[PDB]
Amino acid sequence: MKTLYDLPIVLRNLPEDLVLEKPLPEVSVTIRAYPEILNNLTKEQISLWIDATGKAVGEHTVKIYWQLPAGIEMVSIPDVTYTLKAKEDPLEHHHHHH
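Residues numbered from 1 in each chain as written, not as in the entry; some residues may be left out. Heavy atoms only, no water.

Solution NMR is the method the PDB entry states for this structure.

The chain goes by YbbR family protein in the PDB entry, where it is assigned to Desulfitobacterium hafniense. Per the PDB record, the entry is named "Solution Structure of Domain IV from the YbbR family protein of Desulfitobacterium hafniense: Northeast Structural Genomics Consortium target DhR29A".

Below is the structure:
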């Protein structure tokens, strides 16, 4: 009933001039905490995003600045790896004629 698939992962500071060939691959995470807060805590309370600023074109591994408003610790993993490419401008502009 869709095709966009924005995924819970949101990208901040995304320079238009650059575009992602494919959406961020989904991956599982492992957390360690009490069941009372885990059974009460919701996904909407979890802040997950990535900073494309400073970063340049190409594939690189980066950490997720995860944030939890409680007494929860991060077990380990996961890492993200993708391929950033330049916008395929169809309107053409650079290089006088071709």
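Moving on from the coordinates now.
Draft legend 1. Representation of the pattern of salt bridges within the structure. A full pass over the atoms with the stated rule returns one salt bridge. The salt bridge involving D51 is made with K55; its shortest N-O contact spans 2.9 Å. (Salt bridge = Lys/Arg side-chain N within 4 Å of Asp/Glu carboxyl O.)

Draft legend 2. Spotlight on the packing of aromatic side chains. The tally for this structure, following the rule as stated, stands at zero aromatic pairs. Over the ring of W49 we find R12, and its NZ or CZ is 5.4 Å from the ring centre. (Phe/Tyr/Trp six-rings, centres within 6.5 Å; stacked < 30°, edge-to-face > 60°. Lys NZ or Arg CZ within 6 Å of the ring centre and 35° of its normal.)

Draft legend 3. A look at unusual backbone geometry. Cis peptide bonds are those with omega within 30 degrees of zero, and the linkage from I77 to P78 qualifies with -5°. Positionally, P78 belongs in the loop between β6 (73-76) and β7 (80-81). One non-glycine residue, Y5, lies in the positive phi region at around 50°. Its place among the elements puts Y5 in the segment before β1 (10-12). (Helix = DSSP H or I, 4+ residues; strand = E, 2+ residues; numbered from the N terminus.)

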